[PDB]
């Protein structure tokens, strides 16, 4: 056991050299679980996977109010005032670096590369690996400020990925620019739809409380951000990036004044769906005064595959749990789509007129109140026109009240301490 420290630092001459090392130190502290530990991280690029299994821990950028969450170099780099926590496993591949707990281990890598075979087969999607999440939060009271969480699987070939041995397995998706193992460091060819599969940046476990992200960014494509059932999490002034089902799971979440950025390519089938909610009961997601928008070429993504001023139009979501899942879009501002893509895909709005799809789990309690369309269109009458049990008039609210009478407020989506 080591002493309690309320604040510990990460950086080349700080308390700890890696974020992993700092979390491991917290596991050894003589502290009550109620005593918070803040990990104050120097700006830098941290090629690490983390399991946060310690209560009341914060990850914060040492740059404070002057933190950046900007990407650079077509996704490959970050601002010098950014803290990026990144890793690269995704569905369909096994990795010589992967250890028994499904996380990267440099010592396992060395053994496996000497042996000529991996030691652990990647399950891929699902809760065994948390969709290969970079950061898996499995504790109460977790907070983060000014951090970029990323899975690079469909963003770029990282240093560590290029040095790993990556094995295509069941479900591997690849296009025509080389197999994943053969790509060199810095390649962005993995942004293409033909290489896309599920790879989470950030996953929250189930039954967790008091999780809050502030001024963070979460970077991925398919299944970027997961949160489990009965977890309360808030994302305040964050940026969430993705394509298919990029915010998913059964958490009771608030996205307060977030940028919701479609991270898609020119490929005609590369369409985004913001939410894929999976509640069996109770409250779902509250998207409160968010901005539906797009990534930018040269900072976030490679212009080779992103040729227009916006993403093509996408959708608010596709419910994963039938009937009982819940998402509320409240006071959303929706970009106008690039005029060329608007014509091609039949939508001036960056959200398709139908709004939602039944193509995952079915219909469920998907709501919209107070939309501003920057294009000036009014697609209210078109929303979910093909749905039969949750219909347009259930979804498109004229007053800010849900079907059970609940007023749409932040507090409606926070934990009720008496149960």
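Residue numbers count along the first chain shown, from 1.
**OP:** Take the C-alpha B-factors listed in the entry for 130-138 and for 173-181, compute each mean, and give the stretch with the larger one.
**Re:** It is 173-181.
**OP:** Identify the stretch, either 121-129 or 153-161, whose C-alpha atoms have the larger mean B-factor according to the entry.
**Re:** Going by the record's values, the stretch with the higher mean is 121-129.
Original post:
Between 67, 351, 366, 357, which one tops the list for C-alpha B-factor in the PDB entry?
Top reply: If I rank 67, 351, 366, 357 by C-alpha B-factor, first place goes to 67.
Subject >> Candidate set 294, 333, 79, 275 [ranked by C-alpha B-factor, highest] >> reply: Within the set 294, 333, 79, 275, 79 shows the top C-alpha B-factor.
Subject >> Relative C-alpha B-factor of residue 187, binned into the chain's lowest, middle or highest third >> reply: Answer is middle: the recorded C-alpha B-factor places it there.
Original post:
In terms of the CA temperature factor given in the entry, to which third of its chain does residue 269 belong: lowest, middle or highest?
Top reply: Answer is highest: the recorded C-alpha B-factor places it there.
Original post:
Would the CA B-factor of residue 304 place it in the lowest, middle or highest third of its chain?
Top reply: Top third by C-alpha B-factor.
Subject >> Entry-reported Cα temperature factor of residue 116, expressed as the chain third it lands in >> reply: For residue 116, whose C-alpha B-factor we compare with every modelled residue in the chain, the answer is the highest third.
Original post:
By the record's CA B-factor, is residue 197 among the lowest, middle or highest third of residues in the chain?
Top reply: Answer is lowest: the recorded C-alpha B-factor places it there.
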